[PDB]
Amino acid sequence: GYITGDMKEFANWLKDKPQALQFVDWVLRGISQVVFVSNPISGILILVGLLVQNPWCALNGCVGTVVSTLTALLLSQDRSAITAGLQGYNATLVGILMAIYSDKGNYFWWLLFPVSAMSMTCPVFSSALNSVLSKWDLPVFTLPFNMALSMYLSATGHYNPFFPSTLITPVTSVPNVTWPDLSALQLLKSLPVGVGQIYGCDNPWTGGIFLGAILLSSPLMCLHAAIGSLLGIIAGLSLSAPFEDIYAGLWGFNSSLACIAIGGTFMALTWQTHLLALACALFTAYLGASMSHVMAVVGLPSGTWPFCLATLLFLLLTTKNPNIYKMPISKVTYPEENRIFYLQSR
């Protein structure tokens, strides 16, 4: 009732309340915005899921969210966007993945310094990218996160004396894939792990929690999150990816995100638009593969660049099919509410 979707009522209720609680609320919506959700309860559930995988990653994610939100305020960015959590989600990722990609492991306190630095960067990236992309009425997605992360990880690299990153190298031989060995149960677990990997978690229970957090806000978003993850697995098997990479959900997170995006969030949901989302989800998985190989040559991970590039690409697609409709950015909420706008005008 009051804890579904955008929580419009709880938003209007807080407006008159203390600054501290209002701040905590924006942070939690910042966390949920990683999956296009603006819901503080979803934020709590996600944070819980993060504490379940790795309490270290949760801390860095939270520090990241706090610093960026505070930086957006220092730099007088738009209040609507802040309250909606749009100034926190990129730095939520910056903090988690910097911890994930650190060769120094859990509770390396020194990590907090470059996390804050890089989190402060996110409002700057967001603003700049917005100046360009809003001219086509495109969102920034997690481009701020991916630029910050690629920048940070290549500046340090595996051989930095203070902050070595994990070593990543290109493929240099044909992997042996034993097809009889392929487990049905393991593919099924890959689905929630693909979703877990959105926040860089490889735990199946965590991904289930994220699925639930999403479901609280929008069942349609939850559905596409799942399907996107599945399609990533399918693409993985089609190029003969090592099973262990599929099981770890590394083929599923970009696809999961792209599918949510196209499947009713940034395009109004119709059957044609649902087919479009599957296509985009597949395409993203294959671009994930491409970017992973190419970037490994420079010791970088692909991050969510593949999601950003493919999704932006599909949103710049135009058609003379009236059933394929791009939402105005200023009207973008969740699929259920988005669809009502489509039925009234198209």
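When you see a residue number, it is the position in the sequence shown, counting from 1.
Self-check item: Stretch exceeding the other in mean C-alpha B-factor - 104-112, 264-272
Solution: Between 104-112 and 264-272, it is 104-112.
Quiz item: Which of the two stretches, 121-129 or 204-212, shows the higher mean Cα temperature factor in the record?
Solution: Comparing 121-129 with 204-212, the higher average CA B-factor belongs to 204-212.
Quiz item: When the modelled residues of the chain are sorted by Cα temperature factor, does residue 185 land in the lowest, middle or highest third?
Solution: Residue 185: CA B-factor falls in the highest third of its chain.
Practice problem: Going by the recorded CA B-factors, say which third of the chain residue 157 sits in, lowest, middle or highest. | Solution: For residue 157, the deposited C-alpha B-factor lands in the lowest third.
Quiz item: In terms of the CA temperature factor given in the entry, to which third of its chain does residue 44 belong: lowest, middle or highest?
Solution: Ranked within chain, residue 44 CA B lands in the highest tercile.
Quiz item: In terms of the CA temperature factor given in the entry, to which third of its chain does residue 71 belong: lowest, middle or highest?
Solution: For residue 71, the deposited C-alpha B-factor lands in the middle third.
Quiz prompt | Third of the chain, ranked by Cα B-factor, where residue 53 sits | solution = Top third by C-alpha B-factor.
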